[PDB]
Every structure is written in structure tokens, then in C-alpha cells.
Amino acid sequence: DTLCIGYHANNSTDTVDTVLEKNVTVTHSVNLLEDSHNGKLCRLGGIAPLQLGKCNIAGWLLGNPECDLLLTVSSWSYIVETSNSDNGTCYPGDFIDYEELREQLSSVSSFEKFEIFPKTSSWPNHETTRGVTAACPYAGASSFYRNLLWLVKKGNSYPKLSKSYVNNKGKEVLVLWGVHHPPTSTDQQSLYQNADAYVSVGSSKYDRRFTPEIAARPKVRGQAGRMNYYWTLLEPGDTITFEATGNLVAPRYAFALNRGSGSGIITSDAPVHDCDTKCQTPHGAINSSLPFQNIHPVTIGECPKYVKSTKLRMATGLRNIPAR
């Protein structure tokens, strides 16, 4: 009689490498590298993502005439910009510390929009109905940002204005505004009467003064003039004061911000779908318990560690030697 001692074998085709040998076929193994995604922008925590579509953060917050769709949105799980998010500042100019504002928004999960300075009632001594421009059209006609109010002189007179707002929202209030720079002194006097105007803005931590800089710049969107955009985060309980003798593109709407840890802004052209996920990438969502993924480095939620690897298979069984 005879008794032999041997080891298992099967029809496995799995292969793994080692320092000494490569392509070693084994009997059992586990893949640790996730490479599948549903190619769709899903919602995290049950909340939908904010699709900016053809608009970007600038156009959205300032209220570019082409971003009216976003107007009703007040909460999101993450912000999405497409490769066509070109609608931002329609009136040429510099948006000061724009990248920082974007970084700020990355931790905001929602806000409460409110009319910080009501258009009808805040500016008794100034024109509030002529602040439109062909540079920011809407339905062919001249228009302007929905969240800013371009004020001009009233009856050939622009009195020193002074308006303040006390932040009683119990949270950070994002206030935006602009300072206009006409191309010529004739335009300056024609819009604000005063030749030597200035705009002042102050809070407990913010304090800056702006002077008009008249000069004809190469026309951008048919404008030789420029308009700079500013913002600040007024702290709970603080006060912000605007003083000007011209050139002020006053705040109309502001946002009380709700901080939400974990979130961000991404660029994707993938479609938003009636889907749910715990891990989202610009290419699509991931539903995996694997330690690694090689789909995308940018992630949102609970995701596998990203890595460049093409294969991450770990042998669990023994070398397979069926020998049939």
C-alpha cells in the first residue's frame, strides 16, 4: 500500500510577480487595485453636486447674467466646473484673490443668500437703474451681475455715500463688490460727477481705500475701461462700512456661509445622474472596498488610496502546478 503527501492545484490562470520570478501562476489571489467607475457624477451624503455648467465660481457668486440657473441653489455636496465654465466676469477686470476665494468655498457646503443692501431703499441719493453694460448682456439687451449694483450719479450729483451692515447671521458673511475704472475723465465725470472720487471699505479686520485709475486699456469685451472685484468674509457680529464719492459697484446680495468639512471643486464633463456614492472622482464614482484605485488622484468622500500601478494582485494560495 502507499500514502503520498501533496498540494492542491486547479484551473486558475491568475498570475503574480515576485522579486525572483515573474508571471508565476498561482491557485488563489486577491486583486487590490480598483479600476472601475460608473462614469457618472453622483451625490454624496444624499446631496446633489452643484453643476456650474458654462459658468465658473466667479460668474456664479457675482451673478453673471448667464448663470441665472444657479440662483436658487443654496446647498451642494461638491462643486463641478466643466471644460466650458467660461462665464465669469463679463465686464473686464481683475478679480482680487480669486484663487483664495475658490479655496474658501471648498469647505462651504451651503449658504443663505440675502439682500445685504436692498436695491430699492438703500441708495436714496444715487441712480440705481442705469448700471447696465453691453459687456454683460442678457436677452440681447445690456445688463449686469445679479449680486452687484452699479451705482451712478443722480441728477448730475454724486454725494458722499455711507452704508453699513452689521453681520447678525451668526456666521461668516461673504461680501463682494467692485470698483469701476472709466477709460476717460469725461466718462468719470459723466458717471460719477466727481473727478477725484474714492471708495473706502472697512470692518474690524478689513481696511482698504480705492482710487479710480482712468486710462484706455486694450478693449476686452468692447471695454477700454476696467472693473476690479473684491470680497471679504465678515465675521459674526462685525460691521462693514462702504464710503464712496463714485466708482463703487455696491454689494446687492451676500452669502451667510455654512462650513462643511470635506468637499471641493472639480473639473469634469461626466454627467450628473440620479445616482448615489461614497467615493466620487472626476471620471465617475467608485463603489469598492479595495485599498487602491488607479482611476484618479482627485477624490471626494471615502475612497481607495490612488496609485499609478497597473496591477496589484496578491497571491493567497500556492504556485499552481496542475500538470494534466
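One-based numbering along the sequence shown.
**Student:** When the Cα temperature factors in the entry are averaged, is it 202 to 210 or 181 to 189 that ends up higher?
**Tutor:** The stretch with the larger mean CA B-factor is 181 to 189.
**Student:** Quick check on the record: does 89 to 97 or 190 to 198 carry the larger mean Cα temperature factor?
**Tutor:** The stretch with the larger mean CA B-factor is 190 to 198.
**Student:** Highest Cα temperature factor in the entry, among the options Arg102, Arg130, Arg252, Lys163: which one is it?
**Tutor:** Comparing C-alpha B-factors across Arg102, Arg130, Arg252, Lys163, the maximum falls on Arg130.
**Student:** Lowest, middle or highest third: which one holds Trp76 when the chain's residues are ordered by CA B-factor from the entry?
**Tutor:** Its C-alpha B-factor, which the entry lists for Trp76, ranks in the lowest third among residues of this chain.
**Student:** How does the C-alpha B factor of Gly155 compare with the rest of the chain: lowest, middle or highest third?
**Tutor:** For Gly155, whose C-alpha B-factor we compare with every modelled residue in the chain, the answer is the highest third.
**Student:** Among the chain's modelled residues, which third holds the C-alpha B-factor of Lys40?
**Tutor:** Middle third.
**Student:** Split the chain's modelled residues into thirds by Cα B-factor; is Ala139 in the lowest, middle or highest one?
**Tutor:** Within its chain, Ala139 is a highest-third residue by C-alpha B-factor, going by the deposited values.
**Student:** Consider only the C-alpha atoms of the modelled residues in this chain, order them by B-factor as the entry records it, and name the third containing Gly222: lowest, middle or highest.
**Tutor:** Ranked within chain, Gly222 CA B lands in the highest tercile.
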